Amino acid sequence: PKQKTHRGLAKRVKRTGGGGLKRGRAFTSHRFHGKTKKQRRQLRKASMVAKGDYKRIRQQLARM
Amino acid sequence: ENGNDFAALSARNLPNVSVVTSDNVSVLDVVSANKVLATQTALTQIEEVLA
Amino acid sequence: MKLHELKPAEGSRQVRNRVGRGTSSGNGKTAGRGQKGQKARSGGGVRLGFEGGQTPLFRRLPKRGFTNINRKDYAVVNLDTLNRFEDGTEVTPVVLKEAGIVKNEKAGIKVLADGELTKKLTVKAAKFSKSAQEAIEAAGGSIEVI
RNA sequence: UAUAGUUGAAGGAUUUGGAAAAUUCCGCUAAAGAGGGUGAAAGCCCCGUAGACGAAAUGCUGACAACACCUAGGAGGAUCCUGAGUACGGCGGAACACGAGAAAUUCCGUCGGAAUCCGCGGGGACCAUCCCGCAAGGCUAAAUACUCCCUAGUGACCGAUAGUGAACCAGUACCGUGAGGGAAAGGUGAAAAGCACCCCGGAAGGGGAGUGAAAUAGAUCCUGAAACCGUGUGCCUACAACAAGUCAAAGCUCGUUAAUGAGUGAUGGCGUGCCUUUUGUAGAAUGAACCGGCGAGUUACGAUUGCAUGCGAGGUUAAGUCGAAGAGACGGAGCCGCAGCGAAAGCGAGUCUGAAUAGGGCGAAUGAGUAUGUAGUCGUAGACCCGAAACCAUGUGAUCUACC
RNA sequence: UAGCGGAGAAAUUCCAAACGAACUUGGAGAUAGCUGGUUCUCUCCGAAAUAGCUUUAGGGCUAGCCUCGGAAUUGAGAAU
RNA sequence: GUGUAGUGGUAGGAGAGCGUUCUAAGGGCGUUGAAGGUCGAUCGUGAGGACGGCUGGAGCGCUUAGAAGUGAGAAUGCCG
RNA sequence: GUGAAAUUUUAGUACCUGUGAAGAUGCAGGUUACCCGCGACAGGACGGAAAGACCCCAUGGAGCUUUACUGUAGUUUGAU
């Protein structure tokens with residue numbers, strides 16, 4: 001049949017134009033009275049996906 | 001060329017011959033043979049379908 | 001080329017790999033798979049992306065975004081596509097297309113400003129980047145949001 | 001038109017054979033050179049095929065007759081009709097990709113219960129404007145799915161451990177009270193011409209003679225391998241501790257695909273099988289009694305990378321129609337690339353964040369794809385094969401045994 | 001008298017030689033991180049038994065170690 | 001040609017080849033003996049290939065390309 | 001006179017002290033020993049029969065208990 005994509009990842013990942021992927025960081029939904037200001041400021045900026053995982057999930061995101 | 005069948009009804013010879021109109025000329029039915037006979041009108045007809 | 005002398009294009013057909021036919025092929029007795037382990041039963045292997053026990057990547061990072069129900073994306077043609085209609089042809093989001101340039105006008109044709117045009121066409125589309133009108137009226141064309 | 005049919009072209013001789021269709025000469029026919037059979041392999045011997053003709057009876061399909069049935073305009077808008085315990089609401093469940101969710105739409109059970117054209121339903125909670133329709137009465141061919149059966153065909157499908165379980169008198173023989181389970185078994189030669197007659201022998205069996213091209217083709221009947229069981233003989237062996245061999249070697253007997261030959265072997269040197277699993281094997285860990293036969297990474301649909309081929313800022317068809325189950329053209333709906341950033345409004349070689357022309361993330365600055373074959377890998381599928389103890393749903397059993 | 005049961009002067013005893021839940025057919029090629037096996041040949045290169053995390057410890061993912069194909073500057077590798 | 005250099009190897013990666021059945025075209029063999037069976041002191045680096053003697057009595061090779069129910073000594077394998 | 005069975009890698013199947021996956025018919029160094037049988041015994045061939053019943057593991061089962069979790073037949077209460 002047709003290879004099914006993953007509706008669990010498509011709600012967390014945006015595909016850039018050079019090939020990589022985008023992802024918004026973790027540790028940004030809860031208790032902040034612990035993390036400092038640097039620790040909470042520098043976590044408003046999404047980053048990419050490492051070389052590792054793009055080896056193992058390069059198949060579930062085959063289309064989207 | 002077309003239904004001038006009186007020229008095909010004499011092509012059940014020794015299999016040295018085989019007959020075909022000008023709409024069914026395929027690859028094999030040419031590559032498999034050595035010489036090819038064709039009337040003068042069939043030549044133009046071929047030169048039509050083949051654009 | 002005759003029937004009894006066929007030759008394929010060189011380097012265009014490989015052979016095969018039949019595994020488990022004798023210890024000289026290099027792939028007999030565990031079929032290129034090794035020793036025990038659930039990678040080596042019939043139909044072993046875990047699902048994709050699964051990670052032993054770790055909370056996998058897709059649950060370690062958060063969900064975000066939604067999708068507007070009525071977005072509209074156009075069918076951009078930049079500027080050099082136009083540069084073959086020499087001087088006065090009434091470029092149109094219609095039978096212009098009909099030339100092997102732009103099929104499937106998604107929601108109307110946009111026009112952009114990359115990178116250089118020297119003609120005097122007359123452009124009709126459904127949107128324009130502000131620099132594109134300046135380029136057109138720079139070479140002295142027209143425009144119409146039609 | 002379906003169920004019986006009729007007609008249907010052209011060859012002789014020679015060499016091998018038991019037998020020619022084989023071989024060599026010289027001829028002929030074809031709208032018929034597809035196939036099957038005959039003493040080996042046939043265009044011209046036989047059945048047929050290409051053609052041409054054909055139904056007393058019965059059935060189906062057309063067509064046109066006859067009969068049956070059905071169907072008319074224009075203008076008016078005073079009053080009447082337009083499907084009731086229905087729509088719909090609460091409550092509890094189900095159906096829609098939609099698991100109550102902000103939940104429209106559709107059903108079911110229970111309770112409550114509308115209006116009547118100035119009217120009613122819907123456009124994914126709900127309201128307003130707009131737009132589209134008229135539920136609570138019925139019928140309706142074709143395009144679609146299947147094949148126990150009959151007819152005619154085909155196959156880079158099998159060829160007696162294969163192919164149906166079953167090529168033969170098979171769902172039989174046999175097993176179980178019963179539901180139920182279920183095998184092994186094809187081949188004489190062209191034609192039985194299947195051995196008259198004699199001899200030993202109670203018979204079986206055998207030896208001559210015969211039939212036969214061939215009886216070592218004689219009914220256990222084409223070919224007839226291996227484990228296993230025998231007969232004869234060239235070389236060695238009764239002071240010897242041998243994973244059973246190989247290297248060295250006297251003598252003895254031979255004489256080949258003719259070459260630095262073959263068989264055997266006194267005597268010396270050296271030497272703890274095979275497979276799997278393990279840090280490690282001769283292991284006293286584990287499997288094989290022996291010979292033969294069968295017996296394990298495949299296919300469809302997707303995805304990705306390398307090789308190759310056709311076009312290249314383009315590539316490219318699908319379903320479907322005519323066609324021999326082909327080829328072989330039509331068919332431009334659709335997909336992929338040519339532009340990106342932003343969650344989004346949007347902006348555009350730029351854009352986002354930000355008070356910012358600051359800085360930073362991301363792309364541009366030449367940067368090529370796409371269709372198909374092929375191969376490596378991965379995904380859904382039983383997916384390399386064999387292997388449980390158990391679980392759920394119809395059935396069958398109290399002739400043994402337990403209670404009555 | 002019947003298996004989601006029956007019968008038991010009570011033993012987990014009996015229900016067609018085997019009852020802590022009968023037999024027979026179907027879902028069914030059930031499932032097994034476990035065990036056994038997997039057939040022709042030559043040339044070239046050739047490892048590991050480690051760190052991290054895991055309802056993980058004889059399993060798995062990424063990292064390290066192996067192999068094959070390409071790009072580019074090198075002077076980046078090495079042993080003194 | 002001639003010099004220099006290298007050639008142990010399990011899991012495993014890479015490359016090139018032997019052999020079986022069938023299809024297509026071309027060219028061949030066969031009662032003056034094909035397939036199959038047995039024996040031989042033969043040839044190539046391998047898988048493997050020829051040639052001759054006997055038995056046997058009707059179909060099979062060779063070249064180029066294609067497709068696979070394509071290769072067996074072990075599963076306390078299954079059948080004789 | 002008739003006529004089985006379990007078992008079985010091939011066997012021309014000696015003893016001692018060593019050695020070895022840590023107790024050898026088969027290795028090492030020595031000692032004893034002509035070839036083939038027949039009737040008895042059971043020290044050894046980790047002897048044969050049952051892919052440990054003891055123990056651990058399988059993120060395995062089944063049967064049983066309860067103030068383990070989640071539900072339910074059944075009994076009762078209220079509205080309609």
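Remarks
- In this structure, the amide hydrogen of A:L21, modeled 1.01 Å from its nitrogen in the peptide plane, lies closer than 5 angstrom to those of A:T16, A:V49, counting only residues at least 5 positions away or on a different chain.
- Per-residue HN-Hα couplings for the range C:10-23 [Karplus 6.51, -1.76, 1.60; θ = phi - 60°; Hz; x = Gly/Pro]: 4, x, 10, 8, 7, 10, 3, 9, 9, 9, x, 9, x, 5
- Ranked by how many other beta carbons lie within 10 Å on average, peptides C:56-63, C:122-129 from highest: C:122-129, C:56-63
- Number of partner chain Cβ atoms within 10 Å, mean per residue of C:59-66: 5
- Each residue, C:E137 and C:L3, gets one label point 7 Å from its Cα in the Cβ direction; the gap between the two is 7.5 nm.
- Once the convex hull of all Cα atoms in the protein assembly as shown is built, its volume per residue stands at 372 Å³.
- Interchain or long-range residues, amide H under 5 Å from C:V91's placed H: C:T122, C:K124
- The phi torsions of the range C:117-133, fed into the Karplus equation with coefficients 6.51, -1.76 and 1.60 and a -60° offset, translate into couplings of 9, 9, 8, 9, 6, 10, 9, 9, 8, 10, 5, 7, 6, 3, 6, 5, 4 Hz, rounded to whole numbers, with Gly and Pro shown as x.
- 3J(HN,Hα) from dihedral phi, the range B:41-47, Karplus parametrisation 6.51/-1.76/1.60, rounded to Hz, x for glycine, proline: 6, 5, 4, 5, 3, 4, 6
- Per-residue [θ]222 nm for chain C (sum of -39500 (n - 2.57) over DSSP H runs n ≥ 4, rounded to 500): -2500 deg cm²/dmol
- Average other protein chain Cβ within 10 Å of Cβ, residues C:40-53: 1
- Percent of C-alpha pairs per 10 Å bin in chain A, short distances first: 17, 42, 26, 12, 2, 0.
- Normalised by 2.2 N^0.38 Å, with N the number of residues, the alpha-carbon radius of gyration of the range C:42-146 equals 1.78.
A short reminder: the numbers here are calculations on the coordinates, not readings from a lab. Here the Cβ is made from the backbone with ideal geometry for all residues, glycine too, and neighbour counts use every protein chain on show.
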